[PDB]
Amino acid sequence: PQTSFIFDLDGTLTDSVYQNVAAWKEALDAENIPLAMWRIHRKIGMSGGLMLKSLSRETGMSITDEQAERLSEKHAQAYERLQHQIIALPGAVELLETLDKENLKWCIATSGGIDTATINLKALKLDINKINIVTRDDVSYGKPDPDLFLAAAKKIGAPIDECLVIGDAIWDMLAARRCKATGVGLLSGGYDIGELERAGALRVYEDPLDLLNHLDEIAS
């Protein structure tokens, strides 16, 4: 039973978490919701809605639908302005190329909407509508809800239990475990080995190259 692959995008295949953080920071500052950047970095990988609720509750207050919407817009705009900073992570393309050449099926699964996802894909010189990908616009709920991964397993014709989830955030690992998939964590999104293991990572690697070099430990 050959392994099928569900990849997170931002922080996992492209070096874009820190741009995402900066974009949220600028949006939140614009809206007088001053939050230290480590707290924003902690939530990267959740869909914006859940992230906003989450930061909200942890600061003791709550954010209306209307401001959530504006924060979202501000975030997309700030991200766009940072689009050319985004580079593919080491091994990322080579890993994807390895899988195709090997007939292993993979899908991308991101809490980002079509906009962010199109930007990061450029860095991997990939055309969105030419690959297997699921976005926040494809489901009701983002990470850590299992929705995205389930839709991804479905898009590639693999049972979710024949799947390996690859992610850089607590939220990817959490969602992986919630649908009982096998989760593997990458350090390239800035989360540490401790956090990723506690959120359910079975193995943790530096980046796609490191993972590629150990593909046997973890995939068939």
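Residue numbers run from 1 along the displayed sequence.
**Student:** Looking at the deposited entry, does 144 to 152 or 121 to 129 carry the larger mean Cα B-factor?
**Tutor:** Taking the mean C-alpha B-factor of 144 to 152 and of 121 to 129, the larger value falls to 121 to 129.
**Student:** Looking only at CA atoms, which has the higher mean B factor in the entry: 182 to 190 or 65 to 73?
**Tutor:** Looking at the recorded C-alpha B-factors, 65 to 73 comes out higher on average.
**Student:** Based on what the PDB entry reports, which of 26, 161, 195, 168 has the top C-alpha B-factor?
**Tutor:** In the PDB entry, the greatest C-alpha B-factor among 26, 161, 195, 168 is found at 161.
**Student:** Splitting the chain's C-alpha B-factors into thirds, which one does residue 57 fall into?
**Tutor:** Highest third.
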